[PDB]
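Here is the structure we will look at, set down as structure tokens.
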Amino acid sequence: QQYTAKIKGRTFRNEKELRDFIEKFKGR
């Protein structure tokens, strides 16, 4: 509902975290 960006496999609550995920995803 919040963020459909299922990057590794999770719906994010805000863009900030979905943005702080790629930072801690070894991809940036």
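The sequence shown begins at 1 in the authors' numbering and counts up one residue at a time. C-beta: ideal position from N, C-alpha, C; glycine also.
Excluding residues up to 5 positions away in sequence, nothing lies with its Cβ nearer than 6 Å to the Cβ of residue 8 in the same chain. DSSP lists 3 as the beta-bridge partner residues of residue 12.
Residue 25 sits in coil when the DSSP states are folded into three classes, being neither helix nor strand.
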